[PDB]
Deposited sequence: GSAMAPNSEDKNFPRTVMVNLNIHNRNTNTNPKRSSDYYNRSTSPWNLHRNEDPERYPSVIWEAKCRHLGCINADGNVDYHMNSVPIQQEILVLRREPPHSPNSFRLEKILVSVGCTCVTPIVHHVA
């Protein structure tokens, strides 16, 4: 137990819309948490968008996750959580 003294690009980025594996954000709010609001990505399609603007289901939209530090009120407890931050397009086999 220690004493701790206490700009988001998602407010302006457009990759979620122009990606071949686009996504949308879901608001995760917790007033018992710092940060109080985090935004999690959910891939928009199963497959990926091809050059004709159609979903190619052989390719796979998958979410990229990042482990982040959060504070949970207890005075706080330091914890780690897994957040989906965007999606990428993968081939199922090389």
Since the structure holds only modelled residues, which stretches of the deposited sequence does it leave out? 1 to 15, 22 to 29, 98 to 103, 124 to 127
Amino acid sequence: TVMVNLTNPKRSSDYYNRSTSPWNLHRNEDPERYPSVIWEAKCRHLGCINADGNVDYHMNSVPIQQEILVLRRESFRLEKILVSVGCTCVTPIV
From here on, numbers count along this sequence of modelled residues.
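What we label the rigid core is the largest C-alpha set whose atoms superpose within 1.5 Å from one form to the other.
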Which of the two stretches, 30 to 38 or 56 to 64, moves more in 7 other deposited structures of this protein when the core is held fixed, judged by C-alpha RMS distance? 30 to 38
Other compared entries: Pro9 unbuilt in at least a third? yes
Highest mean C-alpha temperature factor of the two stretches 57 to 65 and 31 to 39, which is it? 31 to 39
Quick note on 16 to 24 and 77 to 85: per-entry mean CA temperature factor is higher in 77 to 85
What third of its chain, lowest, middle or highest, does the C-alpha temperature factor of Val90 fall into? lowest
